[PDB]
Amino acid sequence: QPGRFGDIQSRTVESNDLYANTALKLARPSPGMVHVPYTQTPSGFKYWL
Amino acid sequence: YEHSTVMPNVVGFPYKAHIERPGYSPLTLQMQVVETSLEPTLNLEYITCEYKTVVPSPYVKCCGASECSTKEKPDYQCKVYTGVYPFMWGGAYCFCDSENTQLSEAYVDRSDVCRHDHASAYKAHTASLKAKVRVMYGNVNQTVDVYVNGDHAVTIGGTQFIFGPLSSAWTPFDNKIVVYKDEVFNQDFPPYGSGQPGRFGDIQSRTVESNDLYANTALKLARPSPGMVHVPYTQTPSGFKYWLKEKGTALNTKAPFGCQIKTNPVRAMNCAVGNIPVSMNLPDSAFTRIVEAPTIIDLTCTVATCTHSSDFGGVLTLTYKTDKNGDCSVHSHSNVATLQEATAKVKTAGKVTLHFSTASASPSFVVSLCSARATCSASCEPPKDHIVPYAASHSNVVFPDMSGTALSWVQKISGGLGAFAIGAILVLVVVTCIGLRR
Amino acid sequence: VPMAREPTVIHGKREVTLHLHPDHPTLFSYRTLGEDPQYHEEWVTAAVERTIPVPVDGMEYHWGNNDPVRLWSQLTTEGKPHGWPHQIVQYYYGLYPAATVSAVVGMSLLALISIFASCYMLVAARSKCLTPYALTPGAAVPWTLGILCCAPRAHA
Ligand SMILES: *[C@@H]1O[C@H](CO)[C@@H](O[C@@H]2O[C@H](CO)[C@@H](O[C@@H]3O[C@H](CO)[C@@H](O)[C@H](O)[C@@H]3O)[C@H](O)[C@H]2NC(C)=O)[C@H](O)[C@H]1NC(C)=O
Ligand SMILES: *[C@@H]1O[C@H](CO)[C@@H](O[C@@H]2O[C@H](CO)[C@@H](O[C@@H]3O[C@H](CO)[C@@H](O)[C@H](O)[C@@H]3O)[C@H](O)[C@H]2NC(C)=O)[C@H](O)[C@H]1NC(C)=O
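Scoring rules and cut-offs
- Residues numbered from 1 in each chain as written, not as in the entry; some residues may be left out.
- Chains lettered and ligands numbered in written order.
- Part of a larger assembly, values for the part shown.
- Heavy atoms only, no water.
- Helix = DSSP H or I, 4+ residues; strand = E, 2+ residues; numbered from the N terminus.
- Rg over C-alpha atoms; globule rule 2.2 N^0.38 Å.
- Buried < 20%, exposed > 50% of the residue type's maximum accessible area, 1.4 Å probe, protein only.
- Contact = heavy atoms within 4.5 Å.
- Buried area = accessible area lost by both parts, 1.4 Å probe.
- Salt bridge = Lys/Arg side-chain N within 4 Å of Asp/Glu carboxyl O.
- Pairing = 2+ DSSP bridges.
- Disulfide = S-S within 2.5 Å.
- Axes fitted to C-alpha atoms, helices over the stretch in contact; angles between N-to-C directions.
- Nonpolar A, V, L, I, M, F, W, Y, C, P; charged D, E, K, R; others polar.
- Core = buried A, V, L, I, M, F, W, Y, C linked by side-chain atoms within 4.5 Å.
- Parallel < 35°, antiparallel > 145°, perpendicular 65-115°, else oblique.
- Left-handed = near helix turned anticlockwise from the far one by under 90°.
- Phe/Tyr/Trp six-rings, centres within 6.5 Å; stacked < 30°, edge-to-face > 60°.
- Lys NZ or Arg CZ within 6 Å of the ring centre and 35° of its normal.

Structure determination for this PDB entry was carried out by cryo-EM, with a resolution of 3.44 Å recorded in the header.

Novice: How do you make sense of the overall build of chain C when you look at a structure like this?
Specialist: What chain C contains, in helices and strands, is three helices and seven strands. Start at the N end of chain C and walk to the C end: the helices and strands fall as β-β-β-β-β-β-β-α-α-α. Computed over C-alpha atoms, the radius of gyration of chain C comes to 33 Å, more than 25% over the 15 Å expected from 2.2 N^0.38 for 156 residues, which places it beyond the range of a compact globule. Expressed as lengths along the three principal axes of its C-alpha atoms, the size of chain C is roughly 110 × 25 × 25 Å. When the 156 residues of chain C are sorted by exposure, 29% land in the buried category. In chain C, 43% of the contacts between residues at least 6 apart in sequence involve partners at least 24 apart.

Novice: Can you walk me through the interface of chain A and chain C in this structure?
Specialist: The figure often quoted for interface size is the accessible area lost as the parts come together. With seven residues of chain A in contact, the opposing surface of chain C contributes seven residues. For the pair chain A and chain C, the summed buried surface comes to about 580 Å²; carbon and sulfur atoms form 49% of the total. Summed over the three residues of chain A that lose the most area to chain C, namely A:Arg4, A:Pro42 and A:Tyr47, the buried surface amounts to 59% of that side. Seen at the junction of chain A and chain C, the total is zero salt bridges.

Novice: Hey, could you run me through the sheet that holds strand 7 (residues 69–73) of chain C in this one?
Specialist: In sheet architecture, strand pairing relies on hydrogen bonds along the backbone and comes in two forms, parallel and antiparallel. Here we have five strands laid out as an open sheet, ordered 31(B)-7(C)-6(C)-3(C)-4(C), and antiparallel in their pairing. A strand with exactly one partner marks an edge of an open sheet, and here the two such strands are strand 31 (387–388) of chain B together with strand 4 (40–44) of chain C. The pairing of strand 6 (residues 59–63) of chain C with strand 7 of chain C spans three bridges and is antiparallel. For C:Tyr61, the partnering residue across the bridge sits in strand 7 of chain C and is C:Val69.

Novice: Just to check I follow, could you spell out the pattern of salt bridges for this structure?
Specialist: Residue and element names in this part refer to chain C. Within this structure, the stated rule accounts for 13 salt bridges over all chains. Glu60 is the salt-bridge partner of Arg70, the closest N and O atoms lying 3.4 Å from each other. Pair noted here: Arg70 is in strand 7 and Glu60 is in strand 6, with a separation of ten residues, a long-range link. The exposure class of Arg70 is partly exposed, given its relative accessible area of 25%.

Novice: Teacher, can you tell me more about the state of the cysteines here?
Specialist: Among covalent bonds in proteins, the disulfide is the one between the sulfur atoms of two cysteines. Residues and elements named next belong to chain C. Within this structure, the stated rule accounts for seven disulfides over all chains. Note on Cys149: no disulfide assigned, nearest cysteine sulfur contributed by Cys150 at a separation of 6.6 Å. For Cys149, a relative accessible area of 61% corresponds to the exposed category.

Novice: How do you make sense of unusual backbone geometry when you look at a structure like this?
Specialist: Across residues other than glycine, the phi torsion is negative in most instances, and most of the peptide bonds are trans. Residue and element names in this part refer to chain B. With an omega dihedral of -5°, the bond running from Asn264 to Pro265 counts as a cis peptide bond. Within the fold, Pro265 resides in the loop between strand 19 (260–262) and strand 20 (267–269). The phi torsion at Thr126 lies on the positive side, around 45°, for a residue other than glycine. Turning to its location among the elements, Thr126 is positioned in strand 9 (residues 119–136). Even without being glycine, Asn396 reaches a positive phi, approximately 65°. Tracing the sequence through the fold places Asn396 in the loop between strand 31 and helix 2 (405–437). Here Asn396 falls in the partly exposed class, since its relative accessible area comes to 45%.

Novice: Got a minute to help me understand the packing of helix 1 (residues 85–94) of chain C against helix 2 (residues 99–130) of chain C in this structure?
Specialist: Two measures define how a pair of helices packs: the angle their axes make with one another and the distance between the axes. Between helix 1 of chain C and helix 2 of chain C, the least distance of the axes is 8 Å, while the angle of their chain directions is 145°. In contact with C:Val89, C:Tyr92 and C:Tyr93 of helix 1 of chain C, helix 2 of chain C contributes C:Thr100, C:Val101 and C:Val104.

Novice: Would you mind showing me how to read the interface of chain B and chain C here?
Specialist: In this complex, chain B contributes 44 residues to the contact, which on the side of chain C involves 39 residues. Three residues, B:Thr253, B:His386 and B:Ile387, lead the burial of chain B against chain C; their summed loss comes to 19% of the area buried on that side. For the pair chain B and chain C, the number of links is zero salt bridges. Sorting the residues of the side of chain B that touches chain C by element identifies strand 31 and helix 2 of chain B as the ones contributing at least two each. Take the side of chain B that touches chain C: its biggest share by element is 13 residues, from helix 2 of chain B. When the residues that make up the side of chain B that touches chain C are grouped by side-chain class, the tally is 27 nonpolar, 13 polar and four charged.

Novice: Please explain the arrangement of the chains as it appears in this structure.
Specialist: The chain pair with the greatest number of contacts, out of two pairs of chains in contact, is formed by chains B and C. With no contact formed, the shortest span from any C-alpha in chain A to any C-alpha in chain B equals 20 Å.

Novice: What is the right way to read the nonpolar core from this model?
Specialist: Side chains that are nonpolar tend, in soluble globular proteins, to be buried together. All names here are of chain B. With 42 residues, the main nonpolar core has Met31, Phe161, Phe173, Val184 and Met280 as its most contacted residues. Going through the elements one at a time, strand 2 (15–19), strand 3 (27–42), strand 9, strand 10 (143–147), strand 11 (153–156), strand 12 (159–163), strand 13 (176–180) and strand 21 (275–281) are the ones with two or more residues in this core. Sequence-distant contacts of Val184, defined by excluding residues within four places in its chain, comprise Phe173, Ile177, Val178, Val179, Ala250, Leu251, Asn252, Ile261, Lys262, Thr263 and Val266. One finds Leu316, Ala344, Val367 and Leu369 within the second-largest nonpolar core, a separate group that totals 25 residues.

Novice: What am I meant to see in the packing of helix 2 of chain B against helix 2 of chain C here?
Specialist: Between helix 2 of chain B and helix 2 of chain C, the least distance of the axes is 9 Å, while the angle of their chain directions is 20°. Of the possible angle classes, the one that applies to helix 2 of chain B and helix 2 of chain C is roughly parallel. Regarding helix 2 of chain B and helix 2 of chain C, the two cross each other, and that crossing is left-handed. Contacts from B:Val410, B:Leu417, B:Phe420, B:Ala421, B:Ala424, B:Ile425, B:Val427, B:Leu428, B:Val431 and B:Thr432 of helix 2 of chain B reach helix 2 of chain C at C:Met107, C:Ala111, C:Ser114, C:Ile115, C:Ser118, C:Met121, C:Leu122, C:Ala125, C:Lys128 and C:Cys129. Residues belonging to the contact of helix 2 of chain B with helix 2 of chain C are distributed by class as follows: 16 nonpolar, three polar and one charged.

Novice: Where do I start with the pairing of strand 13 of chain B in this structure?
Specialist: Within a regular strand, the side chains alternate between the two sheet faces. All names here are of chain B. Within strand 13, four of the five residues are buried, leaving the element largely enclosed by the surrounding structure. Two elements, strand 9 and strand 13, share four bridges in a ladder whose sense is antiparallel. Each bridged residue has a counterpart across the sheet, and for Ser120 the counterpart in strand 13 is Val179. In the sheet, strand 13 pairs with strand 14 (residues 183–186) via four bridges, with the strands oriented antiparallel. Note on strand 14: the bridge partner recorded for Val179 is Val184.

Novice: Just to check I follow, could you spell out the packing of aromatic side chains for this structure?
Specialist: In this description, a pair of aromatic rings is defined by centroid distance and the angle of the planes. Residues and elements named next belong to chain B. Within the structure shown, the criterion is met by 18 aromatic pairs over all chains. When the centroid spacing of 6.5 Å and the interplanar angle of 55° are considered together, the rings of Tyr46 and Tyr192 count as tilted. Of this pair, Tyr46 sits in strand 4 (residues 46–48) while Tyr192 is found in the loop between strand 14 and strand 15 (203–204), placing the two residues 146 residues apart along the sequence. Looking at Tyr46, the relative accessible area reads 0%, which means it is buried. Residue classification places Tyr192 among the partly exposed residues on the basis of a relative accessible area of 27%. For the ring pair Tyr180 and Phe240, a centre distance of 5.8 Å and an interplane angle of 80° mean the geometry is edge-to-face. With a gap of 60 residues between them, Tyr180 in strand 13 and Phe240 in helix 1 (residues 239–245) connect regions that are remote in the sequence. Note on accessibility: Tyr180 and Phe240 belong to one class, buried. What links up through ring pairs into an aromatic cluster is the set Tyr180, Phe185, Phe200, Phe240 and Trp243. If you follow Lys130 out to its NZ or CZ, it ends over the ring of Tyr147, 3.5 Å from the centre.

Here you go:
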């Protein structure tokens, strides 16, 4: 679940697959700018730490 | 054709009114309260802002004595100090060693930007309500702006509507109000002329442009230190700044019934309480002659699925027999179930379906299509979802029908016990009558 | 000014468990939009977790600079309506868990009073109708003996 331990998981260190669920959502850019805004729930590993 | 009704004061509720003229086909109007606004009546009391202490330069009299003079300034203070021997950067003037006198003067004045950052103290009474209602029927849409008191009639497509006074008399604003920028506080401010130092309204101005000022901040002067020229003083800090720091709460985040407070002018919008009576007056052209409308006979109502959820979670089917296809004006004659539509297309096939919303375990209501009638009863299962982001579309009535499962069980049990009691009474009366007949 | 992230809502039974992740001190406040509101406001600083009540009237919460969001609870319960008599009570106990108990108690006491009164009437009638033949050494009239169970089954 986003925001808690294990929001992204991998089978092993060198594994190619990856599961990520962090609630990444894009927003409409402001008029007269080029900046591709977004919002995202912070890292779960850091908050576990 | 005069008609009257009462509609709930809930924003977005799909209220539908059924109008039955015995000589014509029935009509269904859809009225909806898009927006309200509850405006009170205000009387400005005074204006508070931060103060500014004005301290003019001291007057040191070399070799002499000076006399204090009184002035008409807000919170004026003046004193004369004897025996001063001041100093300046290059040398100590007033050659006389000890025959000198210093005069200290200070007074309070309204701040520089008091006309840009100030709080107003009001008195609120006899609020007046306003609305913005959308009315659609037949082929006429359109939203109008009305006063909700039985003294404003607005014409919508040839029909006159008067929205009667609100059922209740509830206003979230208390008697005394303090307004700051975009916030309303239910406060009990001190009357003009009796503020106190260090708290709200230490300085009170009758109007932002008023010349008169009443200031009370315990300004005091103290004797200057030897060998200095500074005019010391002590003063209790501003009351406006401390009111800003510890005003506490608001009315925007505390008002009951879920209604927004706003400012300029003060008003409480979309504030759900009470009922709104309505009076109409329709012309003869709004109705349709009974010859034109289709005839409906043998109306039977069955309920496919029922679920007492906030959305429209019930489905209803009507079977009939008709001579020609056209339109009818459906309606539900009890507020247990609120239908979704006010018109339905009837056809020679003999089947039409309607959607309703209910909040009771077992509803029982009578539904009519054009001129027909039918009684519907159903059994409804609760919803599985815990929370939804939209308000309820039912009238929130929960008492089940007397033919429902629970009340049938109660009836059967009570009937059994009553039969037992009646048998006992009959046996005892028979025994006493046998005793008497002898 | 910046707009803070949307919190994560987890739905419960008339409750919302709400996960808050701020970067700088943001103001969080909510109120229950009924007749008597439940007011609260706070300066959330670190990553916290809040539980807030959502009655059938609904409520709104204001997180940072975002627009207020309103949530309404829905008439959900755990009993089984239209079932056995002990399931309708559960259904109407999940909803309104304070009048169901009172109504059930009242109905039960009424039933007990009625049944005790009826049993008393039968006992008194039997006593009245079996004492007249019980003051003399007379025949119990086997026709009457079978119909009503008196003290002597066969002995006189
Ligand atoms: C120049 O400096 C001298 C001081 O060295 C100043 O003389 C002082 O003048 C004031 C008033 O003009 C005197 O104050 C009062 O004088 C009366 C006189 O009878 C006395 O009764 C009071 O008790 C009080 O002292 C002061 O005594 C006097 N000082 C002296 C004479 O030493 C003079 O005023 C200065 N020049 C100007 C233009 O001010
Ligand atoms: C009576 O008039 C009102 C206002 O003209 C009608 O409501 C309007 O209905 C249209 C059709 O759905 C809405 O247009 C669409 O709205 C959605 C909402 O998200 C939007 O995403 C679409 O891009 C499109 O704009 C319109 O917004 C809506 N207006 C309002 C103020 O709600 C109403 O339907 C009319 N009644 C009848 C019976 O026609």
